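Q: Dropping the structure in here first, questions after.
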Amino acid sequence: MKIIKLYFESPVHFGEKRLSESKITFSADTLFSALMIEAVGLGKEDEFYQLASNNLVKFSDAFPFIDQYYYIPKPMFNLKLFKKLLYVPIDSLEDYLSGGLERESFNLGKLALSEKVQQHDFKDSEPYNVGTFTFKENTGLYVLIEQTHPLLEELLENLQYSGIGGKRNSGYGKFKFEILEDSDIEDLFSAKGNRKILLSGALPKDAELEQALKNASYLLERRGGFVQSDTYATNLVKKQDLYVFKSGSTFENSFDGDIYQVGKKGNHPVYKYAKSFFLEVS
Amino acid sequence: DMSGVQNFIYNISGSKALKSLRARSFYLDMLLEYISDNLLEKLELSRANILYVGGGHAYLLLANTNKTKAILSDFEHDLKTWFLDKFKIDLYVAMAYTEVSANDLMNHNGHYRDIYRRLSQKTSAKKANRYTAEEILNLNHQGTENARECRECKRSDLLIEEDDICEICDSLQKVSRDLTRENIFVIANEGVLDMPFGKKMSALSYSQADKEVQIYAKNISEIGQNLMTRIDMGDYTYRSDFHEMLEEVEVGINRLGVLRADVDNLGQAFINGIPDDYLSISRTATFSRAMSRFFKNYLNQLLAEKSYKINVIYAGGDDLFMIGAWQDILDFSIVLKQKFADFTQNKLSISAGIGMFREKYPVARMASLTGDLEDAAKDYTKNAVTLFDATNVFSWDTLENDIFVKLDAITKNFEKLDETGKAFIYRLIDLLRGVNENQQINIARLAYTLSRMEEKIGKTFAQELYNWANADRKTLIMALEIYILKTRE
Amino acid sequence: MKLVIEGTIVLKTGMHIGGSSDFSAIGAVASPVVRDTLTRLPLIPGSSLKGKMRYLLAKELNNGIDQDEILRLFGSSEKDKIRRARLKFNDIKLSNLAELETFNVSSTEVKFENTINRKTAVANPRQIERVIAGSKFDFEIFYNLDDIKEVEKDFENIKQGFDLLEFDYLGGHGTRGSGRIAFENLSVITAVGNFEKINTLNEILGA
Amino acid sequence: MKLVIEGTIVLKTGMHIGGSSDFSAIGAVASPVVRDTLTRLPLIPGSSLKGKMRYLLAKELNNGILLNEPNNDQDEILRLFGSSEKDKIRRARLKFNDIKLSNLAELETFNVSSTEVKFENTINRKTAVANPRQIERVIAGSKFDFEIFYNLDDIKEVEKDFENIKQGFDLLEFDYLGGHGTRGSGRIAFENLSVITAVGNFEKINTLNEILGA
Amino acid sequence: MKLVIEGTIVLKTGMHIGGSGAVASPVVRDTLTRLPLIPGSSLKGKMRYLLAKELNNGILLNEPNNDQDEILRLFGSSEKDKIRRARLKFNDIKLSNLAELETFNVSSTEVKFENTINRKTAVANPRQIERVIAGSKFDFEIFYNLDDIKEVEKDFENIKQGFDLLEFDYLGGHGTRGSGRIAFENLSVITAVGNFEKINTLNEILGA
């Protein structure tokens, strides 16, 4: 298991339904879509989808990190006996679970709002506004992968000089990436456990959804939007809405998701990575 | 327990989204009212079995019979299906119940805290497993591809054929156009605003209510003969349109001010605020009714007393949200704290956060960062106000006494007037902020500067202003900041 | 097959791009400039540079009749014309602030202007924040190479946009003094994918 | 296609544009000139020069008076300096730039500063006492190399536009540029008035360069 | 339409304008060429004082904003409502005749020594006064912009009145004690751009 630490050199915009509103981090849907667009840029989207569908690449949602501290979302535990807390460090999960344990503050950056206009010559200009998020100086995001492949690294390097998120051609989203294989996180992931914490925006297939929802504390998340290409349907069109579990969810039974197809009435398919990525705890 | 109520009210993407906030807050509150009253109709119980129907949640006492549990299961399934068929994930009502006994109600063996502890545990357990497998499958099955979307609520289902707008969101637009200070609300088969269970709500006044139907009024005219149910909410609106009321004010800056406040520790004072030896069901009822009565009725009457330029979006102890002219927000915050302390006899504290914005600022980002100044005040859950920024955190007493005597003194002696005296005011403000960047060469400069600026205002400086400007007080720079914000074009 | 064009925007005259409404300092009667939110240092938005280059390039072209050069370089989304933009602009932040600290001077200034009424002969002043002249902004803009038969015409159009912008201003009250820029150190390096004719782009942009 | 008009504004008397009451303890001198913030040179803003040319040209196309709003000027003035109305909005054909002091080397050759201070009275007719006032001015004979960008979008108006531009420069020849000009200061003169093209040669550039250099 | 009124200020006695090395009381000079200079503020102020005192009932005691309509329209105003643009436009006047002064092998300015004999002490406490010499000339031109055809005659009558009022008074410095006496000559008016119809009447009511 390896890491992809994303040190950002620019404001980002990772909107949820907006241009004016943004979140601090992105998801596996967006990174899979970005890598698929970089694959069709260099003609390897048949290879990349065959790698991703056969579980040769498996990446979680991008998660925050401050100095030598990797963070994950606050796992929804259904324990019996920190509402403003949202991110607990991944190494501190055992003694966060063993008792009511806050050691240091969580600061990643702060949100912003860019004020832009759409200038007209002989007409009054149109204001609009882009909500952004600027990271702090020695912070960023990381993505957990395992058994990395040279195609994944080539596509990541091509995505590095293209932009991640929204409004990327208009000033945002540039970053640099690094692998930096760690030893503590891989030992934390290799250990089994009775309860497993989801880490990507997954959705089980229709023959395992009942098995997945047994002793489950989940949160559904609507993950859709408009199709970003040029060869799809000669006008802007919204893909199929897919409701996946949120990345902080916690399950008893394991599952492997699917790369669902959300675009069918077009010249090329549109995919949505809802494969499952788990972390075992006790 | 309605979930996502703030996400329903504030996350609307419209350019004219500010005109629908009261409609959305009203929709959610009266939605919960009708859901609880409908369940009491199904169980053949009176409305006296409502202990508290509040903001986002209701509490009912009802019999431990198998017939009741059958009606509860059917009601929960129908309510869940209706909420999925209108608000896909964005709204959810969690119906959880627990078994309690009369010796457990009477606090004979303790356990009166344990009623609401078990109820909150089961409600959180229901919120964790929100949907079934079949409902998730039907959610994923109804996704289509379409090149259309609403302007405001940004969904692509239930669009109207004539205009790219969600039907429920358009109905909120219509009822926002038809909401006055005296409108009663009528639920029947035909109406404006879509509701369970196959009923719709019109918000009509007044002679159209001669009409089968349930009539919900804020204020009742006659009790006996006219026969309608009194439901109160904090529906104070000054003008119901922000551009015109921002054009009404002429002295200060043309910015919109947002007040978001909450009482500190509703939950702690609600489950273990009362001593154990005085616990009763009626005392919990009278405490909940006292708090709701204060916020809704008393906040409406204090706002109607001195006609503040304030629109109230949400009213309640758990969450409050008002928006209007920022000068009137700043004027009403201190009197809201004072009258809340008069009501609760200083047994409860209120933490606020002010924020000033343009009118065309995005409403969701507005409410969200006003709430982050709120949690910045709650860090300090004490008496705390953040004045328009997360770093300018005060308390209530400091704001009251120090800021208002300082502002009254500054508006007294700074109204000479003079034209370059204002330039001196901004100059001294900017260099007091410059030494607030923590360099003492700047305070050496300011020691040189006071010798330059004795004679500019005259001799009124060296009685109170020099003692405030001794070592760059934050109180003084904030009072000067609100003075130069109150005095512009 | 993905290119990087590096350069520097120096300011011959001051610059008033944009404005924040973040209650940073809106007390002072002076329209502020756009700054980075964690360093509070002056910033050229990538949207401003991109939009002014698009405006001047689409006005120099499309005379007497946008054409597909502008759409293939800057992207479009019409009812039938949808193209991916080839240029990836980034937000540009201030570079020589250490050089601006050798002179013991700020990163930004304030400029006073009156307005003499002709009827009543009276002046009302107003203030404008400007980032000062002598400021430098190191930029990098990313070009992706979809087709080699169009890259030389694209780079000819990019240099045309750069010197057209060098004879105009970059945002704000440019008719009344400010905004004048000068692009220097314009060079092209390929990021991924070895491109066999890169020196011809390095001389058509570096001329 | 765009033209550049370059010249020099030479100060015949002293010139006092601009001022910010600087936070540094300069001492017992008040009312400084506007300066370039980095190179410490006195500056002629393009806004001041634009406003004074627009006023004198709008005043000159006269018979009657000039009393109107700048947007309700003459249509030649609106097509030269721009207008911003709700419907009849015209792009400005001129682009002014802030002009900083050029011949600092020549002022250093004569061993004298770039700006000086003039002491000035106001004797009140009651008391007949003088209150001295320091006014910082720029030395006469200083030269300010300017360049204005002219964007040409209609060949059938460029000759009249340059006729009006030369008339505006001539109206500044007999008036002052900024500051206490009625009391002596501010008098300017335009030298080396020429026109060059940004990129791509204008065919009829000779008539513009001969009615601008008249 | 704008007119230019051009003449000469010749110094009949010495003159000393201004103040503020290792010597006492220098004159205000040109800063580049070091020529002695009449500030246009001083000429405008003295002309305004004399013309406002003669265009009045004897004496002049009020502020310059409170003058007559002829004075206020000739020299400008600053009121909250009754603000007027000046028709005269004065300029700093440098020394013209350095050729004539250098012909006579004398400096353009010279130092004047004079005491203050205290009465109970009868001792000198000397001081040095720099004066630009007599016979110095100062070519001036004042820009007059024409707004009223029916008022240019009265304006030019007042301008000639101010000129020959200044002929019987001094111009700056220790004037009552010897210095400052000037006289105006070669007085003419010319038009800036495009000839005025009535220019000959102005040259004959100003050339007298």
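Starting from 1 in every chain, residues are counted up; chains themselves are A, B, ... following the order of the structure tokens, and ligands are numbered from 1 as listed.
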Could you pull out all residues of range 78-172 of chain C with a DSSP call of helix (DSSP H, G or I) and give them as a VMD selection string?

A: chain C and resid 97 to 102 148 to 166

Q: Excluding same-chain residues fewer than 4 positions from residue 166 in chain D, what lies within 7 Å of it counting only C-alpha atoms, as a ChimeraX atom specification?

A: /D:162,170,212

Q: How would the residues just picked look written out with N, CA and C atoms as a PDB file, in the first residue's frame?

A:
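What landed in result.pdb:
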ATOM      1  N   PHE D 162      -7.457  62.856 -34.274  1.00  0.00           N
ATOM      2  CA  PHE D 162      -6.132  63.409 -34.016  1.00  0.00           C
ATOM      3  C   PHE D 162      -6.117  64.927 -34.096  1.00  0.00           C
ATOM      4  N   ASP D 170      -2.960  71.606 -27.348  1.00  0.00           N
ATOM      5  CA  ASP D 170      -2.829  73.054 -27.467  1.00  0.00           C
ATOM      6  C   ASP D 170      -3.607  73.791 -26.387  1.00  0.00           C
ATOM      7  N   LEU D 212      -0.122  66.276 -35.759  1.00  0.00           N
ATOM      8  CA  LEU D 212       0.215  66.194 -34.347  1.00  0.00           C
ATOM      9  C   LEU D 212       1.527  66.893 -34.033  1.00  0.00           C
TER      10      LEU D 212
END

Q: May I ask for the distance between CA of residue 112 in chain D and CA of residue 42 in chain D, given in Å to one decimal place?

A: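 Answer for the CA of residue 112 in chain D to CA of residue 42 in chain D separation: 14.5 Å.
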
Q: What is the CA of residue 56 in chain D-CA of residue 1 in chain E distance in Å, reported with one decimal?

A: 11.1 Å

Q: Check every residue of chain E for an atom within 10 Å of chain C, counting only C-alpha atoms, and provide those that qualify as a list in words.

A: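 Filtering chain E at 10 Å from chain C with only C-alpha atoms gives residues 78, 79, 80, 81, 82, 83, 84 and 85 of chain E.
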
Q: What are the residues of chain C that have an atom within 10 Å of an atom of chain B, counting only C-alpha atoms, as a list in words?

A: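 That gives residues 21, 22, 23, 24, 25, 26, 27, 28 and 29 of chain C for chain C.
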
Q: So that I have them on file, write out the residues from the current selection with C-alpha atoms, as a PDB file, in the first residue's frame.

A:
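In the end it all went to selection.pdb:
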ATOM      1  CA  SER C  21     -15.410  41.386   0.216  1.00  0.00           C
ATOM      2  CA  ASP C  22     -14.049  39.123   2.951  1.00  0.00           C
ATOM      3  CA  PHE C  23     -14.002  41.840   5.682  1.00  0.00           C
ATOM      4  CA  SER C  24     -10.205  41.793   5.588  1.00  0.00           C
ATOM      5  CA  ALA C  25      -9.975  45.560   5.718  1.00  0.00           C
ATOM      6  CA  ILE C  26     -13.078  47.153   4.205  1.00  0.00           C
ATOM      7  CA  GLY C  27     -13.129  49.859   6.856  1.00  0.00           C
ATOM      8  CA  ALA C  28     -10.699  52.064   4.950  1.00  0.00           C
ATOM      9  CA  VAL C  29     -12.336  53.915   2.078  1.00  0.00           C
TER      10      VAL C  29
END

Q: Based on the backbone DSSP call, show me all residues of range 38-271 of chain A assigned strand (DSSP E or B), as a PyMOL selection string.

A: chain A and resi 63-66+69-73+87-89+109-118+126-135+140-145+170-171+175-178+195-198+217+220-223+226+238+242-245+250-251+258-263+270-271

Q: Any chance you could tabulate, as CSV, the residues of range 70-143 of chain C at most 12 Å from range 188-192 of chain C with each one's nearest atom pair and distance in Å to one decimal, using only C-alpha atoms, in chain and rising number order?

A:
residue,atom,partner,partner_atom,distance
C:139,CA,C:188,CA,11.8
C:140,CA,C:188,CA,9.4
C:141,CA,C:188,CA,9.5
C:142,CA,C:191,CA,8.7
C:143,CA,C:190,CA,9.1

Q: Grab the residues selected above and save them as a JSON list (two decimals), in the first residue's frame with C-alpha atoms.

A:
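The result, stored in out_3.json:
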[["chain", "number", "residue", "atom", "x", "y", "z"],
["C", 139, "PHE", "CA", 3.53, 32.64, -14.15],
["C", 140, "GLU", "CA", 3.24, 29.27, -15.80],
["C", 141, "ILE", "CA", 0.47, 28.35, -18.23],
["C", 142, "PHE", "CA", -0.02, 24.76, -19.34],
["C", 143, "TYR", "CA", -0.70, 23.85, -22.97]]

Q: Output the contact residues of chain D with respect to chain C at a cut-off of 6 Å, based on only C-alpha atoms, as a ChimeraX atom specification.

A: /D:46-47,67,95-98

Q: Can you check which residues of chain A have any atom within 8 Å of chain B? Use only C-alpha atoms and format it as number ranges by chain.

A: A: 17-18, 20-21, 76, 78, 80, 206, 209-210, 213, 216-222, 235-243, 263, 265

Q: Using only C-alpha atoms, which residues sit within 8 Å of residue 119 in chain D once same-chain residues fewer than 3 positions away are excluded, as a ChimeraX atom specification?

A: /D:132-135 /E:18-20

Q: Sort by chain and increasing residue number a table of all residues of chain A within 7 Å of chain C, each with its closest pair of atoms and their distance in Å to one decimal, counting only C-alpha atoms, and write it as CSV.

A:
residue,atom,partner,partner_atom,distance
A:10,CA,C:91,CA,6.7
A:112,CA,C:37,CA,7.0
A:115,CA,C:19,CA,6.8
A:134,CA,C:37,CA,6.9
A:136,CA,C:38,CA,6.9
A:158,CA,C:192,CA,6.9
A:161,CA,C:142,CA,6.6
A:162,CA,C:88,CA,6.8
A:169,CA,C:88,CA,4.3
A:170,CA,C:47,CA,4.9
A:171,CA,C:90,CA,3.7
A:172,CA,C:90,CA,5.8
A:230,CA,C:82,CA,5.9
A:234,CA,C:80,CA,5.6
A:235,CA,C:79,CA,5.6

Q: For the residues in that selection, give me C-alpha atoms as a short mmCIF file (atom, residue, chain, number, x, y, z; two decimals), in the first residue's frame.

A:
data_model
loop_
_atom_site.label_atom_id
_atom_site.label_comp_id
_atom_site.auth_asym_id
_atom_site.auth_seq_id
_atom_site.Cartn_x
_atom_site.Cartn_y
_atom_site.Cartn_z
CA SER A 10 -2.91 27.04 -6.12
CA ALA A 112 -12.36 31.84 0.13
CA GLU A 115 -15.06 37.69 -7.32
CA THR A 134 -6.55 27.59 -0.05
CA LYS A 136 -1.97 26.00 4.47
CA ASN A 158 -0.44 13.90 -16.87
CA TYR A 161 -0.07 19.48 -15.42
CA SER A 162 -3.81 19.61 -16.19
CA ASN A 169 -8.41 26.05 -16.84
CA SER A 170 -9.43 29.32 -15.17
CA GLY A 171 -6.72 29.51 -12.54
CA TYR A 172 -7.22 26.68 -10.07
CA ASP A 230 -16.53 16.81 -26.22
CA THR A 234 -23.20 17.49 -28.81
CA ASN A 235 -24.67 19.53 -25.90
#

Q: Select from chain A every residue with an atom at most 10 Å from any atom of chain D, then for each give the shortest pair of atoms and their distance in Å to one decimal, using only C-alpha atoms, rows by chain and rising number, as JSON lines.

A:
{"residue": "A:121", "atom": "CA", "partner": "D:91", "partner_atom": "CA", "distance": 7.4}
{"residue": "A:122", "atom": "CA", "partner": "D:89", "partner_atom": "CA", "distance": 5.8}
{"residue": "A:123", "atom": "CA", "partner": "D:87", "partner_atom": "CA", "distance": 7.2}
{"residue": "A:124", "atom": "CA", "partner": "D:86", "partner_atom": "CA", "distance": 7.4}

Q: Can you spit out the residues from that selection as a PDB file, in the first residue's frame, using C-alpha atoms?

A:
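The new file out-v7.pdb reads:
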ATOM      1  CA  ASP A 121     -18.350  45.682 -24.495  1.00  0.00           C
ATOM      2  CA  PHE A 122     -21.705  47.398 -25.041  1.00  0.00           C
ATOM      3  CA  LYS A 123     -23.592  45.922 -22.086  1.00  0.00           C
ATOM      4  CA  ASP A 124     -23.430  45.857 -18.300  1.00  0.00           C
TER       5      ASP A 124
END
